[PDB]
Structures are given as structure tokens and as C-alpha cells.
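Source file: work-v7.pdb; contents: PDB, C-alpha atoms and all ligand atoms.
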ATOM      1  CA  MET A   1     126.671 107.702 225.033
ATOM      2  CA  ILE A   2     125.888 109.231 221.716
ATOM      3  CA  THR A   3     124.718 107.828 218.397
ATOM      4  CA  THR A   4     126.982 108.469 215.524
ATOM      5  CA  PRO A   5     125.464 106.882 212.464
ATOM      6  CA  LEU A   6     127.464 103.835 211.435
ATOM      7  CA  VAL A   7     129.334 104.064 208.234
ATOM      8  CA  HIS A   8     129.216 101.014 205.860
ATOM      9  CA  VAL A   9     132.062 100.880 203.382
ATOM     10  CA  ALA A  10     131.565  98.863 200.203
ATOM     11  CA  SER A  11     134.407  96.439 199.717
ATOM     12  CA  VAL A  12     134.318  94.523 196.458
ATOM     13  CA  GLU A  13     134.614  90.822 196.704
ATOM     14  CA  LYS A  14     138.410  90.201 196.594
ATOM     15  CA  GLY A  15     139.548  89.704 193.028
ATOM     16  CA  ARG A  16     136.165  90.030 191.273
ATOM     17  CA  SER A  17     135.211  92.227 188.374
ATOM     18  CA  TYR A  18     132.409  92.909 185.880
ATOM     19  CA  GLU A  19     132.622  89.448 184.326
ATOM     20  CA  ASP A  20     132.122  87.667 187.556
ATOM     21  CA  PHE A  21     128.899  89.422 188.415
ATOM     22  CA  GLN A  22     127.546  88.985 184.935
ATOM     23  CA  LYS A  23     127.863  85.310 185.612
ATOM     24  CA  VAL A  24     125.906  85.456 188.787
ATOM     25  CA  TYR A  25     123.409  87.357 186.795
ATOM     26  CA  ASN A  26     122.993  84.900 183.991
ATOM     27  CA  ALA A  27     122.587  82.156 186.499
ATOM     28  CA  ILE A  28     119.765  83.879 188.246
ATOM     29  CA  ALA A  29     118.489  84.854 184.836
ATOM     30  CA  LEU A  30     118.594  81.324 183.503
ATOM     31  CA  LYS A  31     117.063  79.871 186.524
ATOM     32  CA  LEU A  32     114.219  82.360 186.165
ATOM     33  CA  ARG A  33     113.548  81.132 182.634
ATOM     34  CA  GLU A  34     113.700  77.593 183.854
ATOM     35  CA  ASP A  35     111.541  77.510 187.011
ATOM     36  CA  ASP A  36     108.519  78.938 185.169
ATOM     37  CA  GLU A  37     105.855  77.076 187.150
ATOM     38  CA  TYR A  38     106.254  79.041 190.311
ATOM     39  CA  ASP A  39     103.110  80.698 191.591
ATOM     40  CA  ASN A  40     100.707  79.728 188.833
ATOM     41  CA  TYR A  41     103.302  80.252 186.288
ATOM     42  CA  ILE A  42     103.883  83.738 187.314
ATOM     43  CA  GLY A  43     107.461  82.756 187.992
ATOM     44  CA  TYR A  44     110.033  83.863 190.603
ATOM     45  CA  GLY A  45     110.650  87.350 189.167
ATOM     46  CA  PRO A  46     108.247  89.390 191.279
ATOM     47  CA  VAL A  47     109.204  87.662 194.544
ATOM     48  CA  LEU A  48     112.789  88.277 193.765
ATOM     49  CA  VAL A  49     112.051  92.012 193.358
ATOM     50  CA  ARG A  50     110.026  91.854 196.537
ATOM     51  CA  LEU A  51     113.003  90.320 198.268
ATOM     52  CA  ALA A  52     115.497  93.082 197.131
ATOM     53  CA  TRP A  53     113.215  95.879 198.367
ATOM     54  CA  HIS A  54     112.373  94.333 201.699
ATOM     55  CA  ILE A  55     116.032  93.724 202.335
ATOM     56  CA  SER A  56     116.751  97.352 201.646
ATOM     57  CA  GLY A  57     113.584  98.541 203.222
ATOM     58  CA  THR A  58     114.750  97.998 206.818
ATOM     59  CA  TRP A  59     116.980 101.050 206.410
ATOM     60  CA  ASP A  60     116.644 103.931 208.895
ATOM     61  CA  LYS A  61     118.323 107.035 207.644
ATOM     62  CA  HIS A  62     118.874 108.397 211.135
ATOM     63  CA  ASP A  63     121.090 105.846 212.688
ATOM     64  CA  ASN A  64     122.096 103.913 209.565
ATOM     65  CA  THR A  65     120.584 100.649 210.709
ATOM     66  CA  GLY A  66     119.023  98.087 208.265
ATOM     67  CA  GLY A  67     119.501  98.379 204.521
ATOM     68  CA  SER A  68     121.026  96.042 202.002
ATOM     69  CA  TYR A  69     124.552  96.146 203.193
ATOM     70  CA  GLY A  70     124.655  93.470 205.898
ATOM     71  CA  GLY A  71     122.573  90.637 204.296
ATOM     72  CA  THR A  72     120.940  90.228 207.660
ATOM     73  CA  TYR A  73     117.966  88.627 206.010
ATOM     74  CA  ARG A  74     119.894  85.401 206.237
ATOM     75  CA  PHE A  75     119.143  85.524 209.880
ATOM     76  CA  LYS A  76     116.087  84.198 211.713
ATOM     77  CA  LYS A  77     114.987  87.406 213.217
ATOM     78  CA  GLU A  78     114.753  89.013 209.897
ATOM     79  CA  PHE A  79     113.869  85.893 207.983
ATOM     80  CA  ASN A  80     110.893  85.388 210.219
ATOM     81  CA  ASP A  81     109.636  88.914 210.131
ATOM     82  CA  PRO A  82     105.854  88.650 209.591
ATOM     83  CA  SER A  83     106.444  91.330 207.021
ATOM     84  CA  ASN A  84     108.588  88.979 204.884
ATOM     85  CA  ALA A  85     106.042  86.211 204.672
ATOM     86  CA  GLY A  86     106.504  84.579 201.381
ATOM     87  CA  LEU A  87     110.039  85.796 200.898
ATOM     88  CA  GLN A  88     111.416  82.397 201.787
ATOM     89  CA  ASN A  89     110.632  81.254 198.264
ATOM     90  CA  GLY A  90     113.170  83.812 196.991
ATOM     91  CA  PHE A  91     115.717  82.810 199.487
ATOM     92  CA  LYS A  92     115.077  79.261 198.392
ATOM     93  CA  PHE A  93     115.604  80.073 194.766
ATOM     94  CA  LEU A  94     118.719  82.114 195.420
ATOM     95  CA  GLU A  95     120.401  79.375 197.495
ATOM     96  CA  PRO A  96     121.661  76.953 194.807
ATOM     97  CA  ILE A  97     122.851  80.072 193.267
ATOM     98  CA  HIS A  98     124.794  81.005 196.301
ATOM     99  CA  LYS A  99     126.198  77.535 196.193
ATOM    100  CA  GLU A 100     127.625  78.066 192.693
ATOM    101  CA  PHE A 101     129.136  81.364 193.707
ATOM    102  CA  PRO A 102     129.907  81.121 197.332
ATOM    103  CA  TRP A 103     132.252  84.150 197.075
ATOM    104  CA  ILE A 104     129.409  86.695 196.663
ATOM    105  CA  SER A 105     128.163  88.484 199.841
ATOM    106  CA  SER A 106     124.409  88.056 200.821
ATOM    107  CA  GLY A 107     123.425  91.664 200.385
ATOM    108  CA  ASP A 108     125.072  91.578 197.047
ATOM    109  CA  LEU A 109     123.350  88.433 195.896
ATOM    110  CA  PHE A 110     119.886  89.519 197.245
ATOM    111  CA  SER A 111     120.146  92.951 195.700
ATOM    112  CA  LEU A 112     121.468  91.545 192.542
ATOM    113  CA  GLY A 113     118.524  89.212 192.172
ATOM    114  CA  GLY A 114     116.020  92.023 192.180
ATOM    115  CA  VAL A 115     117.947  93.781 189.518
ATOM    116  CA  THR A 116     117.996  90.660 187.422
ATOM    117  CA  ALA A 117     114.362  90.015 187.875
ATOM    118  CA  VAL A 118     113.739  93.575 186.823
ATOM    119  CA  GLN A 119     115.828  93.363 183.632
ATOM    120  CA  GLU A 120     114.809  89.870 182.968
ATOM    121  CA  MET A 121     111.213  90.992 183.002
ATOM    122  CA  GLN A 122     111.870  93.481 180.323
ATOM    123  CA  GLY A 123     111.925  96.402 182.707
ATOM    124  CA  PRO A 124     114.719  98.925 182.733
ATOM    125  CA  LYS A 125     118.409  98.437 183.182
ATOM    126  CA  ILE A 126     119.409  99.144 186.731
ATOM    127  CA  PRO A 127     122.901 100.144 187.339
ATOM    128  CA  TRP A 128     124.259  98.058 190.160
ATOM    129  CA  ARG A 129     127.325  98.018 192.441
ATOM    130  CA  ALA A 130     129.002  95.342 194.371
ATOM    131  CA  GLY A 131     130.564  95.702 197.713
ATOM    132  CA  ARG A 132     128.081  94.792 200.388
ATOM    133  CA  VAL A 133     129.720  92.891 203.292
ATOM    134  CA  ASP A 134     127.768  90.347 205.428
ATOM    135  CA  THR A 135     127.466  91.473 208.980
ATOM    136  CA  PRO A 136     127.054  89.416 212.169
ATOM    137  CA  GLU A 137     123.741  88.414 213.537
ATOM    138  CA  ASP A 138     123.547  91.037 216.147
ATOM    139  CA  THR A 139     123.452  93.491 213.389
ATOM    140  CA  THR A 140     119.873  92.338 212.376
ATOM    141  CA  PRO A 141     117.167  95.012 212.681
ATOM    142  CA  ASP A 142     114.130  94.304 214.763
ATOM    143  CA  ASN A 143     110.958  93.439 213.073
ATOM    144  CA  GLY A 144     108.613  96.189 212.082
ATOM    145  CA  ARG A 145     110.378  98.618 209.815
ATOM    146  CA  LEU A 146     108.437  97.574 206.834
ATOM    147  CA  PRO A 147     105.377  99.501 205.843
ATOM    148  CA  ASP A 148     101.857  98.419 206.816
ATOM    149  CA  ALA A 149      99.324  98.035 203.886
ATOM    150  CA  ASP A 150      96.110  99.325 205.553
ATOM    151  CA  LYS A 151      97.202 102.939 205.539
ATOM    152  CA  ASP A 152      97.010 106.082 203.595
ATOM    153  CA  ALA A 153      98.798 108.651 201.606
ATOM    154  CA  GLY A 154      99.812 110.344 204.823
ATOM    155  CA  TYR A 155     101.470 107.230 206.198
ATOM    156  CA  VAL A 156     103.123 106.356 202.909
ATOM    157  CA  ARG A 157     104.639 109.817 202.607
ATOM    158  CA  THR A 158     105.819 109.803 206.235
ATOM    159  CA  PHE A 159     107.176 106.301 205.749
ATOM    160  CA  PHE A 160     109.299 106.893 202.706
ATOM    161  CA  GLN A 161     110.889 109.739 204.459
ATOM    162  CA  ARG A 162     112.746 107.348 206.656
ATOM    163  CA  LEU A 163     114.354 105.958 203.479
ATOM    164  CA  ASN A 164     115.083 109.348 202.069
ATOM    165  CA  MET A 165     112.703 108.936 199.223
ATOM    166  CA  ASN A 166     110.617 111.946 197.909
ATOM    167  CA  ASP A 167     107.084 111.824 196.247
ATOM    168  CA  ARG A 168     108.295 111.233 192.770
ATOM    169  CA  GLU A 169     110.437 108.409 194.230
ATOM    170  CA  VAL A 170     107.648 106.903 196.170
ATOM    171  CA  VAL A 171     105.287 106.738 193.113
ATOM    172  CA  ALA A 172     107.972 105.406 190.781
ATOM    173  CA  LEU A 173     108.914 102.576 193.095
ATOM    174  CA  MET A 174     105.264 101.718 193.836
ATOM    175  CA  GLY A 175     104.756 100.811 190.236
ATOM    176  CA  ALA A 176     106.499  97.511 191.014
ATOM    177  CA  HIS A 177     103.082  96.532 192.261
ATOM    178  CA  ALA A 178     102.341  95.509 188.763
ATOM    179  CA  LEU A 179     104.295  92.370 189.470
ATOM    180  CA  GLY A 180     103.041  89.304 191.088
ATOM    181  CA  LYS A 181     100.102  89.650 193.353
ATOM    182  CA  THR A 182      98.774  89.353 196.857
ATOM    183  CA  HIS A 183      98.442  85.963 198.620
ATOM    184  CA  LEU A 184      96.023  86.008 201.571
ATOM    185  CA  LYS A 185      98.146  83.577 203.470
ATOM    186  CA  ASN A 186     101.130  85.780 203.219
ATOM    187  CA  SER A 187      99.519  89.121 203.839
ATOM    188  CA  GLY A 188      95.797  88.992 204.555
ATOM    189  CA  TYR A 189      95.508  90.371 200.999
ATOM    190  CA  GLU A 190      94.358  88.554 197.936
ATOM    191  CA  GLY A 191      94.739  89.102 194.258
ATOM    192  CA  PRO A 192      96.671  90.588 191.352
ATOM    193  CA  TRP A 193      97.013  94.104 190.313
ATOM    194  CA  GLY A 194      96.423  93.667 186.674
ATOM    195  CA  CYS A 195      96.962  91.326 183.769
ATOM    196  CA  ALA A 196     100.682  91.388 182.678
ATOM    197  CA  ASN A 197     102.189  90.570 186.007
ATOM    198  CA  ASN A 198     105.616  89.211 185.043
ATOM    199  CA  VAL A 199     106.468  91.714 182.405
ATOM    200  CA  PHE A 200     107.416  95.084 183.830
ATOM    201  CA  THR A 201     105.306  97.854 182.222
ATOM    202  CA  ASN A 202     103.228 100.814 183.463
ATOM    203  CA  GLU A 203     100.137  98.714 183.912
ATOM    204  CA  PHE A 204      99.876  99.715 187.496
ATOM    205  CA  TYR A 205      99.255 103.326 186.821
ATOM    206  CA  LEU A 206      96.831 102.838 184.064
ATOM    207  CA  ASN A 207      94.773 100.355 186.071
ATOM    208  CA  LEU A 208      94.771 102.746 189.018
ATOM    209  CA  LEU A 209      93.303 105.315 186.777
ATOM    210  CA  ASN A 210      91.053 103.472 184.560
ATOM    211  CA  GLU A 211      89.351 100.820 186.552
ATOM    212  CA  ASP A 212      86.219 100.888 188.635
ATOM    213  CA  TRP A 213      87.584 100.510 192.206
ATOM    214  CA  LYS A 214      85.367  99.491 195.165
ATOM    215  CA  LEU A 215      86.258  99.025 198.787
ATOM    216  CA  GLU A 216      85.373  95.483 199.824
ATOM    217  CA  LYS A 217      86.361  93.090 202.502
ATOM    218  CA  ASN A 218      88.405  90.090 201.810
ATOM    219  CA  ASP A 219      88.230  86.665 203.364
ATOM    220  CA  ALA A 220      90.970  87.926 205.639
ATOM    221  CA  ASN A 221      88.506  90.575 206.840
ATOM    222  CA  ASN A 222      90.593  93.549 205.618
ATOM    223  CA  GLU A 223      89.586  96.108 203.110
ATOM    224  CA  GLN A 224      90.930  96.253 199.592
ATOM    225  CA  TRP A 225      90.048  98.068 196.387
ATOM    226  CA  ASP A 226      88.539  95.695 193.946
ATOM    227  CA  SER A 227      88.019  96.272 190.298
ATOM    228  CA  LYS A 228      85.365  94.215 188.459
ATOM    229  CA  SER A 229      88.039  93.086 186.104
ATOM    230  CA  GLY A 230      89.273  90.930 188.905
ATOM    231  CA  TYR A 231      92.190  93.069 190.041
ATOM    232  CA  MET A 232      92.938  94.645 193.389
ATOM    233  CA  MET A 233      94.821  97.485 195.117
ATOM    234  CA  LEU A 234      96.108  98.024 198.562
ATOM    235  CA  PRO A 235      94.887 100.914 200.522
ATOM    236  CA  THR A 236      98.395 102.230 200.372
ATOM    237  CA  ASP A 237      98.088 101.755 196.618
ATOM    238  CA  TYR A 238      94.731 103.392 196.155
ATOM    239  CA  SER A 239      96.215 106.383 197.981
ATOM    240  CA  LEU A 240      98.605 107.295 195.237
ATOM    241  CA  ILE A 241      95.258 108.496 193.811
ATOM    242  CA  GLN A 242      93.690 110.295 196.713
ATOM    243  CA  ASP A 243      96.727 112.487 197.347
ATOM    244  CA  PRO A 244      96.703 115.268 194.903
ATOM    245  CA  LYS A 245     100.402 115.355 194.884
ATOM    246  CA  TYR A 246     100.683 111.655 194.283
ATOM    247  CA  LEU A 247      97.932 111.608 191.734
ATOM    248  CA  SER A 248      99.713 113.773 189.187
ATOM    249  CA  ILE A 249     102.769 111.609 189.214
ATOM    250  CA  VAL A 250     100.610 108.562 188.572
ATOM    251  CA  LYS A 251      99.107 110.390 185.533
ATOM    252  CA  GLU A 252     102.477 111.351 184.282
ATOM    253  CA  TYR A 253     103.673 107.790 184.563
ATOM    254  CA  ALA A 254     100.486 106.307 183.145
ATOM    255  CA  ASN A 255     101.143 108.709 180.394
ATOM    256  CA  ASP A 256     104.761 107.897 179.695
ATOM    257  CA  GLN A 257     106.163 104.399 180.346
ATOM    258  CA  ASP A 258     109.481 105.750 179.298
ATOM    259  CA  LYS A 259     109.769 108.406 182.089
ATOM    260  CA  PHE A 260     108.431 105.892 184.393
ATOM    261  CA  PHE A 261     111.279 103.482 183.729
ATOM    262  CA  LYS A 262     113.899 106.121 184.050
ATOM    263  CA  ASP A 263     112.489 107.348 187.333
ATOM    264  CA  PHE A 264     112.216 103.827 188.700
ATOM    265  CA  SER A 265     115.623 102.713 187.632
ATOM    266  CA  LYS A 266     117.199 105.650 189.376
ATOM    267  CA  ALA A 267     115.113 105.082 192.593
ATOM    268  CA  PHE A 268     115.383 101.395 192.788
ATOM    269  CA  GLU A 269     119.106 101.698 192.604
ATOM    270  CA  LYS A 270     118.945 104.236 195.397
ATOM    271  CA  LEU A 271     116.876 102.002 197.575
ATOM    272  CA  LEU A 272     119.493  99.238 197.087
ATOM    273  CA  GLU A 273     122.351 101.503 197.873
ATOM    274  CA  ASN A 274     120.973 103.450 200.842
ATOM    275  CA  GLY A 275     123.485 103.278 203.703
ATOM    276  CA  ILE A 276     126.557 102.357 201.775
ATOM    277  CA  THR A 277     129.482 104.566 201.420
ATOM    278  CA  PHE A 278     131.320 103.504 198.304
ATOM    279  CA  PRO A 279     134.985 104.525 198.311
ATOM    280  CA  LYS A 280     135.945 107.009 195.679
ATOM    281  CA  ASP A 281     138.348 104.577 194.146
ATOM    282  CA  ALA A 282     135.286 102.335 193.799
ATOM    283  CA  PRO A 283     134.276 101.345 190.269
ATOM    284  CA  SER A 284     131.271 102.427 188.393
ATOM    285  CA  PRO A 285     128.027 100.807 188.392
ATOM    286  CA  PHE A 286     127.831  97.876 186.224
ATOM    287  CA  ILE A 287     125.027  97.415 183.893
ATOM    288  CA  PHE A 288     124.307  93.829 183.089
ATOM    289  CA  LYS A 289     123.471  92.630 179.652
ATOM    290  CA  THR A 290     120.379  90.624 179.548
ATOM    291  CA  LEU A 291     120.465  87.009 178.329
ATOM    292  CA  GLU A 292     118.847  88.177 175.176
ATOM    293  CA  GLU A 293     121.564  90.760 174.629
ATOM    294  CA  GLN A 294     123.937  87.887 175.076
ATOM    295  CA  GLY A 295     122.291  85.470 172.707
ATOM    296  CA  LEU A 296     121.830  83.048 175.616
TER
HETATM  297  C1  LIG A 301     103.532 101.131 200.934
HETATM  298  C2  LIG A 301     104.571 100.382 200.561
HETATM  299  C3  LIG A 301     104.392  98.873 200.322
HETATM  300  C4  LIG A 301     103.449  98.106 200.831
HETATM  301  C5  LIG A 301     102.479  98.471 201.974
HETATM  302  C6  LIG A 301     103.406  96.893 200.042
HETATM  303  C7  LIG A 301     102.823  95.746 200.526
HETATM  304  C8  LIG A 301     102.752  94.693 199.647
HETATM  305  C9  LIG A 301     101.924  93.553 199.936
HETATM  306  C10 LIG A 301     101.375  93.287 201.342
HETATM  307  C11 LIG A 301     102.166  92.650 198.976
HETATM  308  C12 LIG A 301     101.649  91.219 198.876
HETATM  309  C13 LIG A 301     102.551  90.223 199.600
HETATM  310  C14 LIG A 301     101.949  88.860 199.538
HETATM  311  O1  LIG A 301     100.833  88.749 200.116
HETATM  312  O2  LIG A 301     102.626  88.047 198.867
HETATM  313  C15 LIG A 301     103.178  93.188 198.096
HETATM  314  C16 LIG A 301     103.711  92.479 197.038
HETATM  315  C17 LIG A 301     104.875  92.814 196.384
HETATM  316  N1  LIG A 301     105.525  93.992 196.612
HETATM  317 FE1  LIG A 301     104.882  95.519 197.742
HETATM  318  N2  LIG A 301     104.359  96.972 199.052
HETATM  319  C18 LIG A 301     105.106  98.100 199.327
HETATM  320  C19 LIG A 301     106.056  98.632 198.490
HETATM  321  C20 LIG A 301     106.524  98.051 197.341
HETATM  322  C21 LIG A 301     107.862  98.350 196.853
HETATM  323  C22 LIG A 301     108.408  99.776 196.931
HETATM  324  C23 LIG A 301     108.169  97.395 195.958
HETATM  325  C24 LIG A 301     109.301  97.242 194.913
HETATM  326  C25 LIG A 301     109.992  98.223 194.340
HETATM  327  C26 LIG A 301     107.049  96.482 195.915
HETATM  328  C27 LIG A 301     107.162  95.269 195.296
HETATM  329  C28 LIG A 301     106.365  94.188 195.548
HETATM  330  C29 LIG A 301     106.161  93.150 194.569
HETATM  331  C30 LIG A 301     106.869  93.098 193.211
HETATM  332  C31 LIG A 301     105.359  92.251 195.133
HETATM  333  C32 LIG A 301     104.758  90.997 194.535
HETATM  334  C33 LIG A 301     105.185  89.882 195.486
HETATM  335  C34 LIG A 301     104.847  88.526 194.993
HETATM  336  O3  LIG A 301     104.262  88.534 193.886
HETATM  337  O4  LIG A 301     105.127  87.605 195.808
HETATM  338  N3  LIG A 301     106.197  96.783 196.932
HETATM  339  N4  LIG A 301     103.660  94.351 198.664
END

Let me see whether you can do it: turn the structure in this file into C-alpha cells.
Ligand code: HEM
Amino acid sequence: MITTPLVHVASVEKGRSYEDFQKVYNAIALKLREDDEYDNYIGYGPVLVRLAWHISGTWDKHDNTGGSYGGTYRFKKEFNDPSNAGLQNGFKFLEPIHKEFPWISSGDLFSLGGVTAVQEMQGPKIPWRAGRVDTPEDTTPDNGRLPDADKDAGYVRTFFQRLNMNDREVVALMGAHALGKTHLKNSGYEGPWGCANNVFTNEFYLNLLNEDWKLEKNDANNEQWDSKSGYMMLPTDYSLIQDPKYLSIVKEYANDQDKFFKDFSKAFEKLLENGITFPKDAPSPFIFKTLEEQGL
């Protein structure tokens, strides 16, 4: 025995088109607007984006294991990954939604939520594609493919390689750290990254470059970069600044929100599609209208 990389073919939910997804979208979107009290009124947007990434983040380019495709997060093994501590809130918010549209696969719904959360938070438009098919439980990836936080630029670069992401991709995607914040209880990390943490903007790069960062120890006994302004950064975050390579992307993005959003949009979609072979007859990526765009 030899390891051919699996091949995952996207098969659109039987009989669904643009209009159906848009509906899933608006639901998620409306429920975001409605459950505003979550996490100190930060809302469910950031967790939802955290959920889409972590479901895609199990991917291993070599043997085509993990990734969005299978919706394996719905299983225990994955669901209980110490790395996904806190994600249950997102699962919990997506549920009722899955009730209303039972016909959507899990990878599809989970991926779709992140996209929504992104657009709903005024970030860019992320072209999405349907077609992920739930896979059995044995197809769940063992715990541990998710990055550790107490590392450096070397680790982060080596890590992203497994997901086929390059430096510009890594920095673009990291910017999502402007959303939500760290909860000690989840991660051993505590605190926000900046002020506008439920509106997607380039705040993370700016902060990274303009604040006065100091390595301290949290109540969890780990080290984090604290700014006097009350923000924080992970070591992996602070590293985007020690690497010289990384550092000029950060500057470019802190300099142009615009580029930043294009770069992210293209990479986030990639993250969400890693591992899936879409047939050529497959349709194009949809691009959901936001509620606003819809007058809803
Ligand atoms: C080196 C890579 C990464 C590491 C080590 C890292 C780790 C972290 C940690 C530990 C937290 C706090 C979790 C908690 O305590 O609730 C966090 C939060 C989160 N992560 Fe990352 N992150 C990684 C990559 C990224 C990626 C690429 C994305 C999205 C594109 C991102 C999006 C988020 C967001 C939006 C949250 C906020 C979660 C919330 O507010 O509950 N992260 N991540």
C-alpha cells in the first residue's frame, strides 16, 4: 500500500441554485443582526469566521485529508478538539439554521457562515461555491492540525505551507485577528486586538505597527504582547512583525485597506476550497448580496 491523495468532487445540492443559497445567507445574516448580545455585544460574527477557518484548517495538502469538504466538525472527535474550544457557540448558532434548510451539507453551511459573517461585517465580498458533501465519521481528522499560538514566524511560515498558502496569503488571512478577541478559558489567551472588533477593517495591521507592545504573562501563565491601550497580540501575531518578509506585507496592508481586502477575499476563498475538485461543468462562484444591498 500506497497513498494516492483522495479526490473530493463538489456535487451541488440536488436541485439548488443561486437563490437557495442566498436564502441561507440572509438567514444567517438576519440572525447575526438579531443575536447582538453574544460575547459582550461583540456578536456571533467573529466566531463564525473562526469556525469557517478551523473547519478548513485541518487540511493537509499531501494526502488530502481534512478541509471543508466533509463537514467532519459535526463529529465529536473534531468537535472536541482542544483547538476548537469556543467553536461550539458557532455550531449552536448555525443549528436552527440547519433546521430551516436541512438540505444544505455541513461543510457548505459552515463555510457559508464565515463568508456571511465576513460580508455582514462590512468586509469584502467572498465568492463562494457550493458542493461540499458530508462524509462519514471515520473521515474525521485527528486532533492537532491547527496551529499553536506560542510560536514564531518560522513556525507560521512552515505551517501555512501545509495549506498551500504563501507569505502574502498568510498575512492577508491573519488580519482576521481584528475580529473578536481571546478568551482565557478557551485558549489560555486573554483580550482583544483592537477597538472595532466586529467591523472588518485593517485595524490589525495598524495596531501591530503603531502600538507600544510588551511581552507579559497572562493569568494563564503564557506570554502575550500587550499594548497599553488594552489590546493584545499572539506571539504568532507579533511575528508578522519580526519577520522581515512578513513585516513589509503588514505595512502594505496597513497602508491600503483596499489591497488588503482583495488579497484576503481571494485567500479566504482558497482556504475554504482547498481539497475540492469542482467539476468543469460546475457553476461559478456566487457572490451574495448583503442584506443592505437587498433592502432587508
Ligand atoms: C497562526 C495562526 C492562528 C493562530 C495561532 C490563531 C489562534 C487564535 C487564538 C488562540 C484565538 C483566540 C481563541 C479564543 O480564545 O477564543 C483566535 C481567535 C480567532 N481567530 Fe485565530 N489564529 C490563527 C489564524 C487565524 C485565521 C487564519 C483566521 C481567519 C481567517 C483567524 C480568525 C480568528 C478570529 C476571527 C478569531 C476570534 C474568535 C472569537 O472572537 O471567538 N485566526 N485565533

Requested in this report: Specify as a ChimeraX atom specification each residue included when the PyMOL selection byres (((chain A and resi 275) around 7) and not hetatm) is applied to this file.
Outcome: /A:8,64,67,273-274,276-277

Next, the residues of the selection above should be written as an mmCIF file, keeping the file's coordinate frame with C-alpha atoms.
data_model
loop_
_atom_site.group_PDB
_atom_site.id
_atom_site.type_symbol
_atom_site.label_atom_id
_atom_site.label_comp_id
_atom_site.auth_asym_id
_atom_site.auth_seq_id
_atom_site.Cartn_x
_atom_site.Cartn_y
_atom_site.Cartn_z
ATOM 1 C CA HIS A 8 129.216 101.014 205.860
ATOM 2 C CA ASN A 64 122.096 103.913 209.565
ATOM 3 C CA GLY A 67 119.501 98.379 204.521
ATOM 4 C CA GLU A 273 122.351 101.503 197.873
ATOM 5 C CA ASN A 274 120.973 103.450 200.842
ATOM 6 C CA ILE A 276 126.557 102.357 201.775
ATOM 7 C CA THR A 277 129.482 104.566 201.420
#

Report task. Could you give me, as JSON, numbers by chain, the residues within 7 Å of range 19-27 of chain A, counting only C-alpha atoms and dropping anything in the same chain fewer than 2 positions from it? Result -> {"A": [16, 17, 29, 30, 31, 116, 288, 291]}

Padding 6 Å on every side, please: axis-aligned box over the listed atoms of ligand LIG 301 (chain A), centre and edge lengths to one decimal in Å, as lines of an AutoDock Vina configuration file.
center_x = 105.4
center_y = 94.4
center_z = 197.6
size_x = 21.2
size_y = 25.5
size_z = 20.8

Report task. Mind giving me the straight-line distance from CA of residue 158 in chain A to atom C30 of ligand LIG 301 (chain A) in Å, one decimal? Result -> 21.2 Å

Query raised in the report: So which one's closest to residue 61 in chain A, A:285, A:45, A:5, A:86? Using all atoms listed in the file, please.
Result: A:5

Requested in this report: Taking only C-alpha atoms and all ligand atoms into account, report as a ChimeraX atom specification which residues have an atom no farther than 6 Å from an atom of ligand LIG 301 (chain A).
Outcome: /A:46-47,49-50,53,86,147-149,156,173-174,176-177,179-184,186-187,189,236

Report task. Find the spatial neighbours of residue 256 in chain A, counting only C-alpha atoms, within a cut-off of 12 Å - ignore same-chain residues fewer than 4 positions away - and output them as JSON, numbers by chain. Result -> {"A": [172, 201, 202, 203, 205, 206, 249, 250, 251, 252, 260, 261, 262, 263]}
